[PDB]
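J.: Have a look at the structure that comes next, please.
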Ligand SMILES: Cc1cc2nc3c(=O)[nH]c(=O)nc-3n(C[C@H](O)[C@H](O)[C@H](O)COP(=O)(O)O)c2cc1C
């Protein structure tokens with residue numbers, strides 16, 4: 001599988017590595033990929049797209065890298081299974097509700113409840129690992 005994310009301070013990055021760990025512990029292979037190094041064509045071969053990005057102002061996806069990537073793949077992902085995750089600060093997850101709605105709007109099947117944790121995983125570590133285990137059971 002493949003996990004692509006954007007992280008400004010490393011919070012979502014940590015979530016991505018814990019998610020990968022859960023998938024690996026379940027017996028599968030995963031590659032974590034920062035949005036800046038992703039290859040669209042190779043990404044579209046996946047059955048499951050695992051996407052993450054922290055909440056930027058105001059309750060939107062990061063603008064200079066992550067969103068342009070989402071807009072680029074938006075027309076080629078109809079029918080694909082998608083799993084969403086991300087870290088946030090002071091909000092209540094609105095950027096994630098909208099992120100899920102957008103993906104559904106593109107024709108994607110959102111496989112699980114999006115995983116959101118406030119700031120660094122830390123206490124939510126097992127939650128990150130478990131979310132990866134749910135995805136590996138798809
Ligand atoms: C410029 C900026 C805007 C932010 N806007 C929001 C916001 O609208 N809602 C929220 O809950 N957190 C917001 N945050 C907080 C980040 O989502 C949060 O600190 C998160 O833990 C960052 O994860 P990352 O290191 O993976 O980027 C903002 C952070 C920055 C730097």
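J.: Would you please classify the overall shape of the chain from the alpha carbon gyration tensor, given that a ≥ b ≥ c denote the square roots of the eigenvalues, rounded means a/c under 1.5, and beyond that prolate means a/b larger than b/c while oblate covers the rest? Working shown, then result.
T.: Numbers: a/c = 1.41, a/b = 1.01, b/c = 1.39.
Here the chain falls in the rounded category.
J.: Using the number of other C-beta atoms within 10 angstrom as an exposure proxy, rank 88, 5 with the fewest first.
T.: In increasing order of surrounding Cβ atoms, one gets 88, 5.
J.: Explain nothing, just the number: relative contact order of the range 26-138, from Cα pairs under 8 Å at least 6 residues apart, as a whole percent.
T.: Relative CO of the range 26-138 lands at 26 percent.
J.: Extension gain residue 109-residue 45, at 0.36 nm per residue separation less the Cα-Cα distance, in nm? Could you put the intermediate results ahead of the total?
T.: Values: separation 64, 0.36 × 64 = 23.04 nm, distance 1.56 nm.
Extra length available between residue 109 and residue 45 comes to 21.5 nm.
J.: Quick check on the chain: helices-only [θ] at 222 nm, where DSSP H runs of length 4 and up contribute -39,500 (n - 2.57) each and the sum goes over total residues. Nearest 500, please. Intermediate values should be presented prior to the final figure.
T.: Numbers: 5 runs with 50 residues, N = 138.
It lands at -10500 deg cm²/dmol.
J.: Share of antiparallel DSSP beta bridges in the chain, in percent to the nearest 5?
T.: Numbers: 1 of 21 bridges.
The antiparallel proportion sits near 5 percent.
J.: Most mobile of 22, 105, 52 per a Gaussian network model of the chain (Cα springs, under 10 Å)?
T.: So, out of 22, 105, 52, the one fluctuating most is 105.
Note that each Cβ is placed from the backbone with ideal geometry, even for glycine, and that neighbours are counted across all protein chains shown. We did not get these values from a lab; they are worked out from the coordinates using the rules stated.
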